[PDB]
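These are the residues of each chain, in order.
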There are 2 protein chains.
Amino acid sequence: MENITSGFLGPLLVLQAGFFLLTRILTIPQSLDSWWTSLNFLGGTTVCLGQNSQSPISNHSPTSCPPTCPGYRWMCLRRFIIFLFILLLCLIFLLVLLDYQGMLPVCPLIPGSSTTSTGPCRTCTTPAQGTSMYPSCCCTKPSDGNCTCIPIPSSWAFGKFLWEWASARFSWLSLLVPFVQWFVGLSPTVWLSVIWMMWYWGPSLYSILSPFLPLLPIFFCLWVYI
Amino acid sequence: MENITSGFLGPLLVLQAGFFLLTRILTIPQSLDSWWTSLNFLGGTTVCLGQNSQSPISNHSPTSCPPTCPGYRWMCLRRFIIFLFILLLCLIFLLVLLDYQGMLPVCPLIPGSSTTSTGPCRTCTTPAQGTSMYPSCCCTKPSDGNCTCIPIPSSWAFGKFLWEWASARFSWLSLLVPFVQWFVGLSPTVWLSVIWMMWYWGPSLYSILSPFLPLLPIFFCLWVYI
């Protein structure tokens, strides 16, 4: 009866979904390379001499050229460059996922004195070596036995942890922090306006600022000496 | 007579180095895109057809033609995109070196009775659903429980961390991962041969692979039934 239909239809859906989803994710790289054509067709009148008259003569446009004839031995090269990049984009999406799910670990170890525990300290840490840096918290201190450090946060990931790390390793990031805060204070009335003014207005000032850009190192050195 | 000499010599080094760094940073963006003109050389003629003869009659062509005349607006957005990409590349190199510092902590969890040193269990018993990634293990349990848990162990900070979730949501092809280990032995004197073999014979087998690729879902379903 209709019972066998339940089992049979699953195979049909699996086959259809697999075919479509395998064709599309494998045709996307060539689609992106033909999206660069935005450059390639920016000049216009795209006709590849790679479709040279070696085996056949018909000028096979300039995107796929001849499938094999004359110049066709570089579609593999552009693919080779591109599909592995889509993989790196997927890896970045994965990294964002760990930050958002809070599931990903962010066990931190930095010098501090924040206390949140039950009947804690009165022995604490007395490490007079290795500066103020902390090592894996099995028992960080050379002689710590009852040690307990700090658990991973439900907020921002090692993104924030590396914010702290870079602030420790750099100095100018702290001065950029006011600029970062002011950029964070950008509503759609502010966020959109910057992008709108970005187009067809910045290149003109760029040529003039190029002489100005060449003269910022002297100001930096002047303040460094001061 | 050397303190002023040292201060001046340092200014000369700063002037040389900062300017060289700025020039190199400028050259890279209009560097990778020209490389990409492998498309043009795979296409054939390399010429800016968009060289509008209105202001500049210069048929000098060969791309990067006018900084200002004709179309120049895309010539800059693309430099910005490829600049952010190479920025992504240098970031991933940074994550590689974070993987190598040894102090990048994974702070992972797994069920086992092992210990890095003398660890008294004292009837360590408190289990929970999802033993992997359990509570903070700051003795966070119905009682303290005399708990000792994992520090950030010294290992590939990246692979040993990522593989955990990889296997958690994977091991469909962990057998292929053993095959990956079985094949990873071709790095010296065989890697170049494999790369050359891929170069010479890459396209011919694609037609056969494509015809067999549709049959692969059938074999996958057969495995799903076997």
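Residues numbered from 1 in each chain as written, not as in the entry; some residues may be left out. Chains lettered and ligands numbered in written order. Heavy atoms only, no water. Residues with missing side-chain atoms left out of burial classes, pairs and counts.

- Going by the header, the method for this PDB entry is cryo-EM, and the resolution given is 3.7 Å.

### Some remarks on the UniProt feature "transmembrane region" in chain A
All names here are of chain A.
Argument step 1. Under the UniProt annotation, the feature "transmembrane region" is placed at residues 8–28, 80–100, 175–195 and 202–224.
Argument step 2. In residues 8–28, helix accounts for 100% and strand for 0%; the two terminal C-alpha atoms are 31 Å from one another.
Argument step 3. Secondary structure across residues 175–195 divides into 86% helix and 0% strand, with the first and last C-alpha atoms of the span separated by 24 Å. (UniProt positions renumbered as here; feature names shortened; annotations may be inferred. Helix = DSSP H or I, 4+ residues; strand = E, 2+ residues; numbered from the N terminus.)

### Some remarks on the relation of the copies chain B and chain A
Argument step 1. Superposition of chain B onto chain A requires a rotation of 180 degrees combined with a translation of 0.3 Å along the rotation axis, giving an RMSD of 1.8 Å. Given the turn and translation reported, the copies of this chain are related as if by a two-fold rotation axis. Distance from the rotation axis, computed per C-alpha, reaches its smallest value in chain B at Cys107(B): 3.1 Å. (Least-squares fit on C-alpha atoms.)

### Let's talk about the state of the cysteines
All names here are of chain A.
Argument step 1. Across the disulfide, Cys 48 is cross-linked to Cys 65 (sulfur-sulfur distance 2.0 Å). Placement of the pair is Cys 48 in the loop between α1 (3–43) and α2 (75–101) and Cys 65 in the loop between α1 and α2, with a sequence separation of 17 residues.
Argument step 2. The residue that forms a disulfide with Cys 121 is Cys 124, at a sulfur-sulfur distance of 2.0 Å. Between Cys 121 and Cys 124, the S-S dihedral sits near -135 degrees, and the bridge is therefore left-handed. (Disulfide = S-S within 2.5 Å.)

### A word on the environment of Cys107(A)
Argument step 1. The residue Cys107(A) is located in the loop between α2 and α3 (158–169) in this model.
Argument step 2. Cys107(A) sits 100 residues away from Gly7(A) along the chain, and the two C-alpha atoms are 47 Å apart.
Argument step 3. Once residues lying within four places of it in the same chain are set aside, the contact partners of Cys107(A) are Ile152(A) and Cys107(B). (Contact = heavy atoms within 4.5 Å.)

### So, the interface of chain B and chain A
Many authors give the size of an interface as the accessible area that is lost as the parts come together.
Argument step 1. Between chain B and chain A, the residue contacts involve 24 residues of the former and 26 residues of the latter.
Argument step 2. The set of elements that each furnish at least two residues to the side of chain B that touches chain A consists of α2 (29–35), α3 (38–43) and α4 (74–100) of chain B.
Argument step 3. In terms of residues, the side of chain B that touches chain A owes the most to one element, α4(B), which gives seven residues.
Argument step 4. Looking at the side of chain B that touches chain A residue by residue, the classes come out as 17 nonpolar, five polar and two charged. (Nonpolar A, V, L, I, M, F, W, Y, C, P; charged D, E, K, R; others polar.)

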